[PDB]
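Structure, as structure tokens:
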Amino acid sequence: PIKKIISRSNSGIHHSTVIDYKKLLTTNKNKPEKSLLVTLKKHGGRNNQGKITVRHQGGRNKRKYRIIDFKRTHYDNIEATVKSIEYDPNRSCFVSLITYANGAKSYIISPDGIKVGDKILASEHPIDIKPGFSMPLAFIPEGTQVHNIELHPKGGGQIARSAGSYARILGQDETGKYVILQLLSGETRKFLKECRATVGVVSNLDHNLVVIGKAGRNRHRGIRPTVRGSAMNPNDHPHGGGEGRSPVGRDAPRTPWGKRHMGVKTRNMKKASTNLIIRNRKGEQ
Amino acid sequence: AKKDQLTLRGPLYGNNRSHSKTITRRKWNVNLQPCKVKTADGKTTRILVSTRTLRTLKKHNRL
Amino acid sequence: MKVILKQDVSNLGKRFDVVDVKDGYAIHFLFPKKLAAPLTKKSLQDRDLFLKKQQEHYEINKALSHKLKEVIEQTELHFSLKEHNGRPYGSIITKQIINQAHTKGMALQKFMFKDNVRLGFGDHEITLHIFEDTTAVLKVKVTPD
RNA sequence: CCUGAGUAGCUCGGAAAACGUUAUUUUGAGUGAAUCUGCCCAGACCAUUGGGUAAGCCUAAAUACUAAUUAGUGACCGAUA
RNA sequence: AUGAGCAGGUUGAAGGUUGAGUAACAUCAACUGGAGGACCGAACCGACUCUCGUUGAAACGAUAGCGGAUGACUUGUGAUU
RNA sequence: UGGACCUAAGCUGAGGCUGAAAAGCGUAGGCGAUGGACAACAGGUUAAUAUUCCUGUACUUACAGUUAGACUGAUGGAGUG
RNA sequence: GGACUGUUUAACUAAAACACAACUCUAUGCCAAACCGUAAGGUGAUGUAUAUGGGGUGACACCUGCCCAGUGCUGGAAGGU
RNA sequence: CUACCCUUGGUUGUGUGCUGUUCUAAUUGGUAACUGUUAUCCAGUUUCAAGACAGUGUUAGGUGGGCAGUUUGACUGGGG
RNA sequence: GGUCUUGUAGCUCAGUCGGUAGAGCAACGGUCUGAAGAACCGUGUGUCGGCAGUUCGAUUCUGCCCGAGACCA
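Going down the list, the protein sequences come from chains a, v and f. Quick note: the first sequence uses the deposited numbering, first residue 2, plus one each step. Quick note: the second sequence uses the deposited numbering, first residue 2, plus one each step. Quick note: the third sequence uses the deposited numbering, first residue 1, plus one each step.
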């Protein structure tokens with residue numbers, strides 16, 4: 002669901018829309034709930050040394066990142082109680098405040114299919130294949146969507162965990178290990194057959210079309226104003242300035258350094274799970 | 002340091018003369034092998050090893 | 001650089017004698033079975049004396065292999081695992097086995113016991129051999145829930 | 001029998017050498033002996049022969065000047081110095 | 001990161017709202033409510049335009065608008081590159 | 001009120017990882033207000049002061065003994081903050 | 001032409017430049033691509049392709065037409081060296 | 001038949017180079033658990049995905065103004 | 001660090017117990033059709049790219065100068 006934004010301004014227009022955030026996120030009157038709170042320090046795109054590392058990213062307000070438990074292994078044999086679907090100022094996905102009945106709470110991802118109140122179990126057990134649940138891929142046959150899944154032992158749920166992400170199961174290898182998962186973006190991996198699985202695409206499937214309209218929404222969303230390569234300084238940029246702006250050259254436009262990124266294979270192959278790869282949209286592994 | 006933890010030996014700083022026969026300098030860093038090593042009285046800590054010193058240690062029964 | 005394949009044969013030309021060929025940091029250079037002997041001057045003094053030491057080590061290793069077989073067949077490994085009446089939540093590493101080995105009063109290295117990651121449930125058993133001629137068997141009693 | 005052992009020879013590129021690296025030495029890397037006509041050297045290396053037995057070195061003296069002290073000296077200055 | 005001005009008058013939305021109505025529909029109106037890189041206009045800021053100086057009170061400011069003035073607004077302190 | 005206390009931005013820093021000499025990152029800790037918290041509000045006073053000094057009104061941790069009184073309670077958990 | 005409101009040559013250049021916007025192309029299966037230092041680590045960010053970075057214009061709307069000789073990329077089977 | 005010169009096809013293999021694999025007993029690891037310690041940078045043991053492929057140390061390269069030391073001749077009825 | 005190679009007509013090609021030139025198209029002539037595209041045959045082109053070895057008849061079996069091809073420091 003979306004909602005129109007009529008600016009009612011005398012100069013200019015706005016066809017911008019925004020997700021209502023009242024039927025998909027709780028506590029619209031945001032007051033910091035002091036149960037799982039974490040203060041966030043940031044440098045404005047700068048680093049621990051101090052110098053910047055990510056240009057065109059800054060000018061954002063404070064965030065209170067919820068303590069998300071991607072492992073779903075802290076408390077087992079007792080199903081959790083989804084207290085609320087909370088906002089996440091660091092992720093497009095909506096966090097979920099679950100509370101196991103033993104006396105502890107945590108934050109997880111609740112994908113599309115379950116909402117506040119559902120009793121979800123965390124274990125390596127052959128538990129029911131439902132959204133929010135977590136179980137090994139061995140109990141799930143081929144032809145199912147999977148998300149919020151890691152590659153490395155206890156490395157935390159990292160891969161394919163955003164809205165609309167899925168992992169098509171297409172059986173296992175000839176060796177009986179490293180089940181093949183077709184992840185998002187048309188890539189494919191040889192996932193370990195022992196890894197857990199949070200089945201179901203993440204909720205808010207309508208989070209696909211939006212008009213930012215005004216810069217404040219854009220600048221507070223990480224993406225700062227992007228400057229065109231035309232009309233720059235001719236210093237530090239080989240095409241800026243001068244009368245009669247020059248068309249962009251340097252076929253397959255490079256980044257403004259000695260490196261190249263346009264169309265070239267710029268994959269990293271030195272990790273602890275690079276042998277579990279199948280396809281990366283251009284080649285093999 | 003770039004010098005391995007077993008030998009704090011300064012890297013050999015010499016010249017690299019190309020077709021131009023220039024005076025550009027070149028570093029020669031000591032060898033770094035993070036192979037396992039056995040220690041007595043409990044712990045079995047592991048440190049970096051240089052191959053030139055590895056020859057001396059191995060032929061002096063360092064395992 | 002090891003020069004004596006003491007009391008054991010590592011499936012190759014190295015035999016129970018003062019002789020071995022270089023195999024790098026493997027079961028032939030990291031295992032303490034191949035005991036290193038003074039290499040700075042090994043011509044007549046250390047050579048035959050270490051050969052005799054190797055023979056005596058063979059004999060005392062038969063004796064101690066029998067003794068250790070009895071030991072690990074009387075006081076054996078025990079472990080517990082968490083269950084929910086047939087719900088696999090297992091995780092196994094050799095670390096705990098090494099810790100128990102050290103707890104038995106002897107600094108046994110990471111070579112006697114070695115296994116991969118396993119994921120199971122219920123009552124099972126794993127046995128790891130220790131010797132080549134008077135080999136012992138391990139009993140790892142696992143307690144499920 | 002001892003006189004130094006990844007040690008003397010070399011060696012993938014440099015340097016100390018008149019030598020910007022050709023004899024000597026060199027390693028960041030691969031290597032490698034002798035217990036002295038052996039071994040290193042004889043500007044590649046050796047035969048007679050010749051230089052020496054290195055691979056640990058101790059050592060005020062010739063290698064600085066006053067860092068606190070002493071003493072005198074002056075084709076030294078002369079308040080733009 | 002920690003705290004600050006937006007007086008006053010304002011667009012008065014979206015969300016929903018109630019009955020009428022109708023075979024069931026369809027359709028009608030209105031208000032709770034306050035949304036803006038929202039409006040005019042002061043606190044505060046801007047040198048965007050014309051004049052002054054072109055060796056001024058000014059090593060950058062004075063005036064007239066305009067623009068932000070409820071946010072891409074205007075800030076102080078401490079600190080990061 | 002800043003500190004006696006607490007941290008935000010941030011820093012020092014036993015170590016330690018890492019780096020020719022130098023030190024970078026950075027943990028245990030502690031520093032660091034622009035903030036939070038514990039405890040004085042009006043009248044009078046000089047040639048220079050006021051909630052501060054006094055008057056009246058009074059807080060805090062309550063201090064040692066003490067009677068009386070009573071299961072208080074952090075090293076651990078939760079809430080306001 | 002720019003969507004607009006806006007920002008940069010404080011102190012002669014405020015815009016058809018730039019900027020949100022949309023169209024979008026490209027890289028990345030995470031220890032991400034991009035990047036700070038050499039190095040740990042770290043931002044990116046513990047974001048996970050619906051996220052970030054870089055390319056080009058430019059709101060709202062049509063698409064972006066023709067074309068790879070070569071380069072950059074992807075795919076091909078057989079090399080000299 | 002006794003030997004040499006060649007010749008083209010091939011088993012077991014080799015003088016020649018081609019590689020592929022079973023394991024970790026190495027190595028990579030902002031992989032993690034235990035401990036130091038209730039230590040973010042951390043260290044010891046570990047397993048884990050590979051696996052001596054590759055990395056490291058050395059040599060050798062290349063793409064690559066992103067930058068340097070720089071070069072950017074002269075005569076020419078002013079010079080290009 | 002460069003050692004792999006073919007030329008034959010207007011274009012294109014290969015060479016048996018080493019023995020031996022060739023269309024197709026453009027097009028010269030002819031054939032089809034009241035008319036004809038399309039199509040069908042025969043006119044035609046070559047020191048067999050040029051130089052030197054090989055043997056029962058080398059331009060063919062071979063080597064060389066000028067461009068070639070598929071994991072390159």
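Every residue, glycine too, gets a C-beta built ideally from N, C-alpha and C.
Which residues in the same chain as residue i place their Cβ atom closer than 7 Å to its Cβ, once the five residues preceding and following it in sequence are excluded?
i: residue 103 (chain a); result: 76, 79
i: residue 78 (chain f); result: 141
i: residue 34 (chain f); result: 2, 4, 5, 6, 20, 28
i: residue 88 (chain f); result: 119, 120, 121
Just to confirm before moving on: does the CB-CB distance between residue i and residue j stay below 8 Å?
i: residue 119 (chain f); j: residue 151 (chain a); result: no
i: residue 200 (chain a); j: residue 164 (chain a); result: no
i: residue 169 (chain a); j: residue 182 (chain a); result: yes
i: residue 100 (chain a); j: residue 120 (chain a); result: no
i: residue 86 (chain a); j: residue 25 (chain a); result: yes
i: residue 69 (chain f); j: residue 127 (chain f); result: no
i: residue 247 (chain a); j: residue 240 (chain a); result: yes
i: residue 17 (chain v); j: residue 8 (chain v); result: no
i: residue 124 (chain f); j: residue 137 (chain f); result: no
i: residue 284 (chain a); j: residue 266 (chain a); result: yes
i: residue 141 (chain a); j: residue 17 (chain a); result: no
i: residue 58 (chain a); j: residue 218 (chain a); result: no
i: residue 117 (chain a); j: residue 108 (chain a); result: no
i: residue 53 (chain a); j: residue 190 (chain a); result: no
i: residue 64 (chain a); j: residue 33 (chain a); result: no
i: residue 9 (chain f); j: residue 51 (chain f); result: no
i: residue 10 (chain v); j: residue 3 (chain v); result: no
i: residue 138 (chain a); j: residue 194 (chain a); result: yes
Once the 5 residues before and after residue i are set aside, which same chain residues still bring their CB inside 6 Å of it?
i: residue 85 (chain f); result: none
i: residue 192 (chain a); result: 180, 182
i: residue 8 (chain a); result: 15
Between which two residues does the alpha helix (DSSP H) carrying residue i extend?
i: residue 281 (chain a); result: Here residue 281 (chain a) belongs to no alpha helix (DSSP H), and DSSP marks it neither H nor E.
i: residue 35 (chain f); result: No alpha helix (DSSP H) holds residue 35 (chain f); DSSP gives it neither H nor E.
i: residue 55 (chain v); result: 52-60
i: residue 189 (chain a); result: That residue, residue 189 (chain a), is in no alpha helix (DSSP H); its beta strand (DSSP E) goes 189-192.
i: residue 217 (chain a); result: 216-220
Determine the extent of the beta strand (DSSP E) in which residue i is found, giving its start and end residues.
i: residue 71 (chain f); result: Taken as a continuous stretch (DSSP letters only), residue 71 (chain f) belongs to no beta strand (DSSP E), being part of the alpha helix (DSSP H) at 45-74.
i: residue 82 (chain a); result: 81-87
i: residue 106 (chain a); result: 105-110
i: residue 98 (chain f); result: Looking at the DSSP string, residue 98 (chain f) is not in any beta strand (DSSP E); the run it does join, the alpha helix (DSSP H), is 95-103.
i: residue 20 (chain a); result: 18-20
i: residue 258 (chain a); result: Note, residue 258 (chain a): premise wrong, no beta strand (DSSP E); not H, not E.
Mind checking whether the beta-carbon of residue i lies closer than 7 Å to any heavy atom of the ligand COA?
i: residue 49 (chain a); result: Annotation note on the ligand COA: not contained in the displayed structure, which lists no ligands.
With distances taken Cα to Cα, identify the nearest neighbour of residue i among the options.
i: residue 220 (chain a); options: a:49, a:50, a:56; result: a:56
i: residue 245 (chain a); options: a:252, a:254, a:235, a:253; result: a:235
i: residue 105 (chain f); options: f:72, f:87, f:8; result: f:72
i: residue 31 (chain a); options: a:68, a:88, a:48, a:98; result: a:88
i: residue 158 (chain a); options: a:173, a:281, a:136; result: a:136
i: residue 222 (chain a); options: a:62, a:43, a:36; result: a:62
i: residue 1 (chain v); options: v:52, v:41, v:47, v:61; result: Absent from the model: residue 1 (chain v). The displayed extent of chain v is 2 to 64, so no value can be given.
i: residue 187 (chain a); options: a:173, a:161, a:29, a:233; result: a:161
i: residue 143 (chain a); options: a:131, a:172, a:132; result: a:172
i: residue 131 (chain f); options: f:58, f:13, f:144, f:107; result: f:58
Spatial neighbours of residue i within its chain, please: C-beta separation below 8 Å, excluding the five flanking residues on both sides.
i: residue 105 (chain a); result: 75, 76
i: residue 146 (chain a); result: 167, 168, 169, 200, 201, 202
i: residue 155 (chain a); result: 72
i: residue 25 (chain f); result: none
Just by C-beta distance, which residues in the stretch 124-158 of chain a are closer than 7 Å to chain f?
124, 125, 126
Output needed in chain order: residues of the stretch 52-75 of chain f with a Cβ under 7 Å from some Cβ in chain a.
none
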